[PDB]
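Working notes, structure below.
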Number of protein chains: 4
Amino acid sequence: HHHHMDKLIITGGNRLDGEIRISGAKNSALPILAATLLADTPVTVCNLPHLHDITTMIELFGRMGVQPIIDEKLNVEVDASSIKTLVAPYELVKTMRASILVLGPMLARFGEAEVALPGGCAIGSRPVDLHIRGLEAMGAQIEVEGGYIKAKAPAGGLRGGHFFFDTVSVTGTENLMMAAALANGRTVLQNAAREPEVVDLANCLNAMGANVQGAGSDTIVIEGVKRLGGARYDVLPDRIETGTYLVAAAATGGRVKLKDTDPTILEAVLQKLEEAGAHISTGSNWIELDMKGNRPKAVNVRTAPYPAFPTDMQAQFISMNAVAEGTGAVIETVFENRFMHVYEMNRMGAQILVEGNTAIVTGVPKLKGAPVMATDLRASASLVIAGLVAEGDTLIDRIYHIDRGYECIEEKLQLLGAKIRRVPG
Amino acid sequence: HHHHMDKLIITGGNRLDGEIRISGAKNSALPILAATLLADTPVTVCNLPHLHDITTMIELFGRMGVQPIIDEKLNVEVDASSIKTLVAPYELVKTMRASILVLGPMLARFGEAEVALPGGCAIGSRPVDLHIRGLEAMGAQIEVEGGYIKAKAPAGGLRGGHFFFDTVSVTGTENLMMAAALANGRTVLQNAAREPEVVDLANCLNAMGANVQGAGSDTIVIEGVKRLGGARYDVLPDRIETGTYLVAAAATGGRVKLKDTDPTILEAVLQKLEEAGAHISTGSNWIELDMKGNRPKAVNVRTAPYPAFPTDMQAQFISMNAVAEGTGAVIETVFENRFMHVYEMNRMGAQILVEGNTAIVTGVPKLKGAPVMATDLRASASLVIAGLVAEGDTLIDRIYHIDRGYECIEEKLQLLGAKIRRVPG
Amino acid sequence: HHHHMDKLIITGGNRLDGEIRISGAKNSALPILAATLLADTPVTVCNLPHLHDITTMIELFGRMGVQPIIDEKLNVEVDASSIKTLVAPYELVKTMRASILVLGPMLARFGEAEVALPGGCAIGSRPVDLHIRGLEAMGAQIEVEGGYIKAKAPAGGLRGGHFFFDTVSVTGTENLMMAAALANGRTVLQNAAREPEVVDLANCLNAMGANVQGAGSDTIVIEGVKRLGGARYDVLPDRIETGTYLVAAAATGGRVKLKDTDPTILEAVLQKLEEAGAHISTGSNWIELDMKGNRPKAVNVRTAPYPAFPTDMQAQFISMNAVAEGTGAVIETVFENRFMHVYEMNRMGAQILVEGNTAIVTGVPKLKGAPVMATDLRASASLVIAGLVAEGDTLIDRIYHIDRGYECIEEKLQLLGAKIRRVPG
Amino acid sequence: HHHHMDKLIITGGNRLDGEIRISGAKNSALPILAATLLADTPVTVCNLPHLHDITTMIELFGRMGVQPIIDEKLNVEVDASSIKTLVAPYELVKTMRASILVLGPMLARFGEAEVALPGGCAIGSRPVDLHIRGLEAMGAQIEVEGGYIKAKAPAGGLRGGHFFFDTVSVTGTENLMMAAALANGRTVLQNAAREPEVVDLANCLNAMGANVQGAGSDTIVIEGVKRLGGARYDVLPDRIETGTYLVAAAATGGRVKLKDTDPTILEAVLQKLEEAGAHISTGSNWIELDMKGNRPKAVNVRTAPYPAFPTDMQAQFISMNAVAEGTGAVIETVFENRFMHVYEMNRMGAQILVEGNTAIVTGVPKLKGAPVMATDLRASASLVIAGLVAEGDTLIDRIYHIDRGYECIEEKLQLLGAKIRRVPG
Ligand SMILES: C=C(O[C@H]1[C@H](O)[C@@H](CO)O[C@H](OP(=O)(O)OP(=O)(O)OC[C@H]2O[C@@H](n3ccc(=O)[nH]c3=O)[C@H](O)[C@@H]2O)[C@@H]1NC(C)=O)C(=O)O
Ligand SMILES: C=C(O[C@H]1[C@H](O)[C@@H](CO)O[C@H](OP(=O)(O)OP(=O)(O)OC[C@H]2O[C@@H](n3ccc(=O)[nH]c3=O)[C@H](O)[C@@H]2O)[C@@H]1NC(C)=O)C(=O)O
Ligand SMILES: C=C(O[C@H]1[C@H](O)[C@@H](CO)O[C@H](OP(=O)(O)OP(=O)(O)OC[C@H]2O[C@@H](n3ccc(=O)[nH]c3=O)[C@H](O)[C@@H]2O)[C@@H]1NC(C)=O)C(=O)O
Ligand SMILES: C=C(O[C@H]1[C@H](O)[C@@H](CO)O[C@H](OP(=O)(O)OP(=O)(O)OC[C@H]2O[C@@H](n3ccc(=O)[nH]c3=O)[C@H](O)[C@@H]2O)[C@@H]1NC(C)=O)C(=O)O
Ligand SMILES: [Mg+2]
Ligand SMILES: [Mg+2]
Ligand SMILES: [Mg+2]
Ligand SMILES: [Mg+2]
Ligand SMILES: [Mg+2]
Ligand SMILES: [Mg+2]
């Protein structure tokens, strides 16, 4: 029973050892839940991770007059044809900018949508101009007023169009894919995001009766249909959660077997772990990592859109490099100043120099436990890893960020022999 | 009585007109309050601004067993003789990293100090390695443990030394100046910060009986003295507050007379305002700005250490450029990621492209009111200015940031004819 | 007959109008010429552009004891069976770093290679660490000595391997593809370059008997074969030459029909030209652009690997933006300091601000003729375009750069009505 | 006798040991030679270094109709009374952009000037907007036409003005200082460059009858005078030549005593050398460095305007770090892409990673001799130093760059026991 004021207390010094199951991808669940707005019979979304971003998306639907049902198996059924209010309120959107994913499907299905324009997120520069322009390319009339994106479809509905992304955008690609699914005619999205969650969304849409081809490549072709039905869909495994537990095991010089995952959606990460000296073996749906008694070797990292190394794994590799042998350069090209975790790890004795988009990490044998503060729902997992490799106790506050991004992180780490406990708020 | 949950509601569209008084500099008050820890007889600090960072510094002193006396005029007398605990606790330091300013004076006066190592601040990369290295150059033995800087002076006290600043540091320069003031022998600080608050601290130290020469230049020479006495010091005017009200008047196409200020501590800002079309007249302690019925012209800005254009004025010039005639490039060289205000102004219909350290602003005639969120105790004043030039109402939340950095901002703006109200939390 | 000291003299002010034929891709010709070193029977390469990089590659082969034959139709036949010396000399490599393309095929075919390590190129940072690590992944043992990359295959020849490109690399992908073609076993290249020249190379290798699949996607799978035979291969059209003449037309407000090209290999460029106001029609192998005498509209541009907007078209869009209506931001993510053309255009009265990887262009109605200096075999084409839109005469020297990258540029522009002349050195 | 096609051949492996005399500063000589245009009686400039930039400035004066006389003591006397043509031609300016230094004095003394606008320099972005805007602040009306800055003073000549430098500019400060010296009234330059050469220029102007105060500080005040007379002026020692030979000695683990220099104009460099393990002693006009045969320790460096670490010493510290013990980060904030020397050193087996403005150097015990190419009149001295610490021979081409920036470099190194020879072109 997580609470906003929860903390984690970690005692470092244990080599991890054990097996856990990987949960469904948070960032596939979010767009697929938004996609349920397109369906005229109920959609059941399965393999959901139990983390707070799902709760927020469910709350958002509630504010629109749609009451999702969580069954005994913890799957979510959404029947969007009870929708009352075509508005995604600022009160909710300000807490989770991924809420913007309802813009595309709401507009395509219902002919109009008012969605709060996301403001600042501490991660970095994250405008949504390409979401707006892409929809305008489908005939949408859009204005910004009162802090809302106010969108209206042409008479007869959205029309298929060509749209070229000047910058690769994950949720931008997802938003336009969903809108295109019910548009009149052919849509071609160029320089599309290739992220596995984009493919998962396309596969869900096709299960609902859409015609989405090319997901996973630079070019997505959508032939719009008049209506979509509801299906039952299991979201793919979470590659960021997968990578995070592999790094935790590597950093502690231990080992882990991950089940219900997929090695083919984090090749960049697996290769970097092999560079760090990890012994890795894989199967269709499992990964085993074993350091076999060695400290990790420092590695260089460069973030970029999939299939390159993910910005959502960058912080975790800093915490591993922090206790590795040698010097590693960690470079961001996606979110150039996403390094808040560095300055917390500095409190724990890490040796890290930051210049612009580059973090230069000099590994030390062990960090030093200290209280630190989470701020980033994916990157702050690095603070948990840092705690695992620190002398003494590390007390992490503002865990609510981490609880947005990971299912019960301390319960899974306890199964791997970590000394970690949640301190109730 | 300010409350953590206060909001500001603004209605835009009024040309400002009136006169107000500028308060003492927040960032002179903070190091001068730290400097009072050096004295063996009480020091009284005057012309203090009534804002929350001073309250936090007073609370920090209390935690160490020093209870400042606040008189009827809100002057603060500090008697450090009662000090009980040579520790600046994480619980407080984590709320205000400027707390690190007590490290130098406590070490030099009392021979030891434990001060929590600041973690992350959302503004950007802000390590304090130069504070530590500088103190080590004076013979201090320093380790980081449990998240604390644990410092001990040699037997006989700190010794004079040479320290070269690889990067210009405002509080770094201040910390070492204070440590040097009671050290044994001569300290030379090279590539020193030239900020007017550094000069003000030196002038206060000298009033207290120190021997600090060269403040304001690249090189500060300190001859340590035996004891520092009991001065009554009026801190200099706040140049950021000054610039902020000047920009507010300019952005609204109105005018303002500022009293109890000093034009010579913001020449960069005055020149940029003239470039924007402002008519400016000055006297020894006042500034008058009048737009004479013109819209501001877009200007380019480049932040750098004093006397260059201040990073603490950068956001405010974005909000002016956002309603100016033409396109203006706003470039950070101090905090390359300090642009969170941009994304709030985008909710208000601003036209701003951000690429790394560069914000390209295309002016529009008027912004559009929307709810927005403060995050930065100096830069979020730009959201107040944006509200003043927006159509309709702008509701700003998390005002507690702004109340750290500005004395009663809505009360001063009311005197200039702004339609602005504090909504009590 | 070109000479190292040739100049171009341009008189601006004429709307271009006419049609020309597009030549084969220089950057397909170079890797395909390299690939002929793999074959045990002669390979004939057709549709070659007549420009200096081809001449340099042929000279390189000569230095290794391979003498290509240029027939009457200007096709090049290469019979690598006479090869004598497995060395790419520094004397030639220092003039053309793309010479490194012989490293992969020489190593795979002959079991060893010495190729001079390229030093500095004024474009910016261009290390070849991925070429080296990629070949090591196929069993190469590589040393750097005397300024040479000295590479040796393992017993029995190169072996199939897996390699993940941390950064997308065009010639790195090509080098590894060629080496994989004769390796023992399966090679998988991940995060591969998708440039059309990479596809063209794969298609030529397959025509020679190889088994290269997936070129054009991020994952290339190669099944090595023991030997490769001859082929007669026509290289695809040059998308950069195509883009350049389209911009030349657009910038002068003219029109042009380009024959023997392919719109599908420059979709990003075509879309940006439409944004600038151009009317574009296309056929299977032609593109026609008509400005209808209108001044172009300023556009924003962001370079990235194919299919995104190419760095090799960036400078050309600066020269169009230089005379456009409005302000356009031109952003590099590939070669972040490739802006030397800007400072030449400034001599012609362009209004351009550069900060880091961003050029901010404010368009003026016309430039002003002045003597300027080429430095970049592709980007300096922008100086020719600038001259076409300048008042009076523009004299460009160091044309030898441009002659590397474009087939007789003045002769093609003359066909479009340009007033341009080559001044013989 | 120097020739354009000269090369240097270096044999590495010797610890340097000896003493040489330091020459006058090139970058004081250049603006002081320009300043002679202000005087109505001959000025004699003394302690000049014998290097090619001086020769170019003398040739420039020649093209204007002024014939400097080089006397028996190799001092230069300039009598600007004979001047005939107020034009600095592109033919000369294109070879040395520092030629722009004649703009300010020509305009101030003669009421008009035409000076070619410098184009590209491979170092990176070097616009001269602040020179132009600064002179406009003194009443100049300026056009760019035919690639010339064409400048005209108002009726009665230049007028005292205020100018704030948005970015610190060395030659910008010098140009405005010279122009102000003959202007009618008071000029204030704010955020002025503090470089020692700026002080040296001011002292020479004052010797000539000017009234320049505050040079060396952020603020320079000039009271214009109607005429300036002659002077005999000895330029100060060259701090960059000084730094370079100290690094050459340190990199080889040797010793050197430098005479006729001044430790107080390179404190940042001396401190970094001590960090690298050098034992340094100084006197009023000499510096002695002794490594005692020890390998240097890696250091971090960050360039910035004087008195910070100079960009003109950056490359030399990369060459020392290249053979040092450890990892050193070398960061540019002045010329953020000035790293061409890195890629030549990579040919010699250096281990350097460049990302943006940061070079990460991993030291190795020795480099490996290879042919390399100079491109930068100050930074390419790093290639000479790299050759001194490389196994075998290093052949450096395009030595003419180095001959611009250093007086007879191989002759001075020979006095220290280097094995180095000039190969005549
Ligand atoms: C942080 C999260 O994950 C993030 C993850 O970090 C990023 C990068 O991989 O991709 C998703 O964000 P996103 O879709 O908002 O980010 P993208 O749009 O791909 O941003 C990539 C780049 O494109 C730029 N961008 C994006 C959209 C747009 O209209 N304009 C634009 O310029 C952004 O500024 C950024 O530089 C994840 N969120 C979801 C719901 O899929 C999270 O879990 O909340
Ligand atoms: C944000 C505030 O104001 C800030 C103001 O923005 C900055 C810049 O002018 O100077 C003061 O901070 P500061 O002293 O922490 O900042 P500085 O140390 O000058 O930082 C300058 C640059 O040096 C770097 N830096 C600084 C210190 C150090 O040890 N190492 C280092 O690398 C920082 O990362 C930054 O890039 C103000 N704070 C006070 C109490 O004077 C505030 O009011 O809370
Ligand atoms: C300039 C030319 O064209 C260039 C064209 O600009 C670029 C970008 O599209 O792709 C080819 O160069 P390239 O293959 O050397 O460039 P890429 O390797 O793709 O460089 C891409 C990025 O990767 C980086 N990179 C590349 C290789 C490597 O081992 N390491 C690395 O860090 C580079 O620094 C650059 O930032 C063209 N050359 C040929 C023969 O195909 C030319 O015609 O000579
Ligand atoms: C390279 C040389 O030395 C250079 C030395 O590297 C630099 C930096 O210390 O200062 C002089 O150049 P400079 O005066 O052209 O350089 P500065 O003007 O200080 O440039 C500093 C920074 O300001 C920027 N800058 C400068 C002037 C201007 O109008 N606008 C502008 O943006 C430049 O882009 C650069 O980023 C030396 N030249 C002379 C004659 O004094 C040489 O010897 O030829
Ligand atoms: Mg949030
Ligand atoms: Mg940087
Ligand atoms: Mg805070
Ligand atoms: Mg950038
Ligand atoms: Mg070249
Ligand atoms: Mg030059």
Side-chain angles (χ1 to χ4, degrees), chain A residues 23-66 68-71 74-88 92 96 98-113 115 157-158 170-171 173-183 187 195-213 215 220 222-238 407:
Chain A
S23 296
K26 177 183 85 70
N27 287 342
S28 172
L30 288 172
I32 284 169
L33 282 163
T36 66
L37 288 160
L38 304 164
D40 61 22
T41 76
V43 179
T44 306
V45 186
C46 307
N47 199 35
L48 295 174
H50 307 129
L51 42 73
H52 190 75
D53 273 4
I54 305 307
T55 305
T56 305
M57 185 63 84
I58 290 173
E59 290 175 4
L60 173 54
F61 267 79
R63 290 292 305 272
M64 299 186 311
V66 175
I69 295 167
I70 301 177
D71 61 31
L74 302 178
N75 304 313
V76 175
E77 181 187 282
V78 185
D79 189 2
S81 300
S82 76
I83 193 163
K84 313 292 193 330
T85 313
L86 299 170
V87 176
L92 280 181
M96 190 182 73
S99 294
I100 202 177
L101 283 166
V102 303
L103 176 61
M106 181 180 302
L107 180 63
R109 171 76 183 283
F110 299 107
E112 66 177 273
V115 170
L158 295 183
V170 172
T171 55
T173 297
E174 287 160 0
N175 239 340
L176 300 191
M177 183 196 292
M178 289 189 279
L182 290 182
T187 292
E195 268 73 7
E197 295 79 20
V198 174
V199 178
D200 212 35
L201 174 63
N203 288 334
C204 185
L205 290 175
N206 287 341
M208 294 162 61
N211 187 348
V212 179
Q213 298 185 225
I220 302 177
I222 306 95
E223 301 286 350
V225 300
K226 282 298 186 183
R227 54 158 295 269
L228 293 166
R232 186 185 195 99
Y233 198 82
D234 282 79
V235 310
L236 93 172
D238 193 308
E407 176 184 307

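So you know, we letter chains A, B, ... as the sequences are listed, proteins then strands, and number each from 1.
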Before giving the answer on side chain to side chain contact (heavy atoms under 4.5 Å, CB included), spell out for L236(A) and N203(A) the whole-Å C-alpha distance, their side-chain angles and the decisive distance to 0.1 Å.
CA-CA 10 Å; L236(A) 93 172; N203(A) 288 334; over 6 Å; no
Decide yes or no on side chain to side chain contact (heavy atoms under 4.5 Å, CB included) for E197(A) and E174(A), but give the supporting numbers first.
CA-CA 9 Å; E197(A) 295 79 20; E174(A) 287 160 0; 4.0 Å; yes
In sequence, state the C-alpha distance, the side-chain angles, and the governing distance for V198(A) and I220(A), and then conclude on side chain to side chain contact (heavy atoms under 4.5 Å, CB included).
CA-CA 10 Å; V198(A) 174; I220(A) 302 177; 4.0 Å; yes
The test is side chain to side chain contact (heavy atoms under 4.5 Å, CB included); show your working for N27(A) and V170(A) and say whether it passes.
CA-CA 10 Å; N27(A) 287 342; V170(A) 172; over 6 Å; no
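The side-chain heavy atoms of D53(A) and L30(A), taken from C-beta on, include a pair separated by under 4.5 Å. The closest side-chain heavy-atom distance from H52(A) to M96(A) is not below 4.5 Å. Inter-residue side-chain proximity for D238(A) and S23(A) is flagged as unmet; no heavy-atom pair is nearer than 4.5 Å. Contact of the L182(A) side chain with the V225(A) side chain is registered, since non-hydrogen atoms from C-beta on lie closer than 4.5 Å. A heavy-atom distance below 4.5 Å is not found between the side chains of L74(A) and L48(A). Counting heavy atoms from C-beta outward, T187(A) and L158(A) have side chains that stay 4.5 Å or more apart.
Minimum interatomic distance between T41(A) and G230(A) (heavy atoms only, all atoms of both residues): OG1-N, 2.7 Å. Across all non-hydrogen atoms, the minimal contact from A39(A) to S81(A) is O-OG, 4.0 Å. Nearest approach of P68(A) to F61(A), heavy atoms of both residues: CG-CB, 3.9 Å. For the pair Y233(A) and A207(A), the tightest heavy-atom approach, listed with the atom from each and the gap, is CD1-CB, 4.4 Å. When every heavy atom of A35(A) is checked against every heavy atom of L201(A), the shortest pair comes out as CB-CD1, 3.9 Å. Between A108(A) and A179(A), the closest heavy-atom pair is CB-O, 3.4 Å.
Note that CZ of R109(A) is 5.5 Å distant from CG of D40(A), once rounded to the nearest 0.5 Å. The distance from atom CG of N175(A) to atom CD1 of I100(A), rounded to the nearest 0.5 Å, is 6.0 Å. Rounding to the nearest 0.5 angstrom, the gap separating the CG atom in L86(A) from the CG atom in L107(A) is 10.0 Å. The OG1 atom of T36(A) sits 7.5 Å away from atom CE of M208(A), with the distance rounded to the nearest 0.5 Å. Between the CZ atom of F110(A) and the CG atom of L37(A) there is a distance of 6.0 Å, given to the nearest 0.5 Å. From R63(A), atom CZ reaches atom CG of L92(A) across 5.5 Å, with rounding to the nearest 0.5 Å.
Under a 3.5 Å cut-off, the side chain of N47(A) and the backbone N or O of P237(A) do not form any donor-acceptor pair. Listed for the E77(A) side chain is no donor-acceptor partner under 3.5 Å among the backbone atoms of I69(A). No donor-acceptor pair closer than 3.5 Å links the side chain of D200(A) to the backbone N or O of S28(A).
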